[PDB]
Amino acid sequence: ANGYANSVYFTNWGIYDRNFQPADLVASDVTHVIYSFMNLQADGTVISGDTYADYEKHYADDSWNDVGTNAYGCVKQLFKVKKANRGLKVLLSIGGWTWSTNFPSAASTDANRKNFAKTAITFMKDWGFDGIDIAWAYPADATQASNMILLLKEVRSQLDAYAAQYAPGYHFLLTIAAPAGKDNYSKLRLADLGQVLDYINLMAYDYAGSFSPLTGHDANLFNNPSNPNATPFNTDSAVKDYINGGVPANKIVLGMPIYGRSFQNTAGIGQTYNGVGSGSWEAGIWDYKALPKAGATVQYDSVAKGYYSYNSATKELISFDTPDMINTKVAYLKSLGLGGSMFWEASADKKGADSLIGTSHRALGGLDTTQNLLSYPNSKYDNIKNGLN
C-alpha cells in the first residue's frame, strides 16, 4: 500500500432482498472490495456458495448472444467497477461466520492446503480478482493456529508462482478477517500473521448482542470503568495485543459496523434485557440506513466512545456507529499508525454526507492508490481474458 485502506465487504446475497448490486457501490470511496463469501469443503475445496450471484446472473447490458464461455453475475459487474476505478482492488473472501466449520480439516494436511490454495486461486484468476481474504471464525487451539499459518504460506507461495507466469510483477493481496476477542486472538500465531499477510481486517464489532447477559456497546474503542457492564469488550486492548504480538500497526485495518444491534425490554446500556426482537433482515440486526428509527433518541458514551438509540416507550436499545463515531475511530487509527478502515457491509450504508464509508474516506485523507490488475490471460472466461473490451 502507498496510503490508507478504506475497504468494504460486499455480500453476494445482497443482490436479492437487499437489492444491492456491485454498480450500487460508491466505488470512488473504496480502495478494496472484499467479495463475500465462498464456501469450503473438509478436503480444502473452495466452492461458490451461489453460482447465479457469482457469475451467471445477466444484468441489463449482459447479452445471451455473447460467443464462448463468459462470466456475468457479480464477477463481471465488479470487473466493470475495477475498470472504472483503477485504485480499487477486489479480494475473494472464503468462509465467514456460517461457513467456518471445515477450516480445521481444510488446513490440516499438506494435500488439503494445496487444494485450498489451488481452488481459491483458480476462482481469483478466472474472475479477475486481486487477492484472497481468509475469514476463518475462528482457530480454536494451537494445532489449528499453526495449520492456519501453513495454509497462508501455501496460498502466498501459489499466488507468487501464479503472478510469475500470468501477471509478472503484480502483487496479489492476502488478508484475513481477525477476531477482536482475546479468547480467540490469544490462540493465533500473531507474529507469523504479521509476516505472511498484507492486511489483518480486525473485526472490532459484535461486542454485545443476544449472546450477552446484559446490554452493551457493539464496537466501542475503550473500557468505561464507571459503567463496565456497557463495555464487555473494547477495541483498544485488542489493537495493542495484535501489535505487541508482532502484527505491524500499518497492516491492521480497523473493522467498523454499518449495522446496529437491538435489545428489547431494557432500561438502558449495561443492563438486563429480554430478547433482541426483530431486525432489517434478521433478528436483532438493523441496517445503518434504517437508523436511528422514529421515536428513538441517540446518546453518546464519551468514555467508551460508543453511540446508541433508546426508545423509552418501546424499551428498545440499538448500539450502532454514526458519522461522528467514524471521525473519532479514524483519528484513533491514525494516532496508532494503523493501515486504515474496513466496513461490514456495503448494502446498509447511507448515501451522501451521512455515508460511513464516505465519512472515513474524507477523515483518512490519503488513500492507497496502488493500481489493480486488469490482465487475466489464463481466465477460462473469454470476456474477463479480453478485459470486457
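We number the residues from 1 along the sequence you see.
Taking only CA atoms, the mean B-factor in the PDB entry is higher for 187-195 than for the other of 120-128 and 187-195. Relative to its counterpart among 87-95 and 269-277, 269-277 has the higher mean temperature factor, C-alpha atoms as listed in the PDB entry.
Of the candidates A204, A208, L152, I258, the deposited coordinates give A208 the top C-alpha B factor. The residue among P232, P104, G245, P179 whose C-alpha atom has the highest B-factor in the PDB entry is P232. The entry lists a Cα temperature factor for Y35 that places it in the lowest third of the chain's modelled residues. When the modelled residues of the chain are ordered by C-alpha B-factor, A161 sits in the middle third. Annotation for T359: C-alpha temperature factor in the middle third relative to the rest of the modelled chain, per the entry.
Among the modelled residues of its chain, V8 has a C-alpha B-factor that falls in the lowest third, as given in the PDB entry.
Per the PDB record, residue ranking by Cα B-factor puts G337 in the middle third of the chain.
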